[PDB]
């Protein structure tokens, strides 16, 4: 589990300071091990960053599954980021940071796509559960709706980054609710 303890040290630095601080020197110091042992367990510094990122993203999904919901409508708001739980703010800060690194880090590029597919599958699962429970309609198939919901929230957050003048960031929940309602009721 000494490899796991190195990973846990990288995850702490990632959550608190981001990817650039995640040098092998720093991680070895934090895990109280040698840089030689970090290199033994991980093929590259970028492999370690991506593996810690994926662990933190799996951890984000775990945390999200402990918020109490009564409906799949509620769980969709959480999965789509419309509820801004304060616990998850450093997790989302890392996610946005990873999004910028996929254009210069091959391992982070692959890990980001794996996390995207995991996110899509968690939305599919919530949609299909809501349909099975009688809460959601099924005018379109669940895979199509999930990609459209992800596309919407990523696009809306992309437009917020522009700093446009007639667009209030505080409307994100209201817009996301409207789209969820139109797609599923």
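Numbering follows the first chain given and starts at 1.
- Comparing the deposited coordinates for 79 to 87 and 108 to 116, the stretch with the larger average C-alpha B-factor is 79 to 87.
- Taking only CA atoms, the mean B-factor in the PDB entry is higher for 134 to 142 than for the other of 134 to 142 and 45 to 53.
- The residue among 127, 63, 28, 150 whose C-alpha carries the highest B-factor in the deposited model is 63.
- The deposited CA B-factor of residue 169 belongs to the lowest third of values across its chain.
- Among all modelled residues in its chain, residue 21 ranks in the highest third by Cα B-factor.
- When the modelled residues of the chain are ordered by their C-alpha B factor, residue 37 lands in the lowest third.
- Ranked by Cα temperature factor within the chain, residue 6 sits in the lowest third according to the deposited record.
- Ranked by C-alpha B-factor against the other modelled residues of its chain, residue 182 falls in the middle third.
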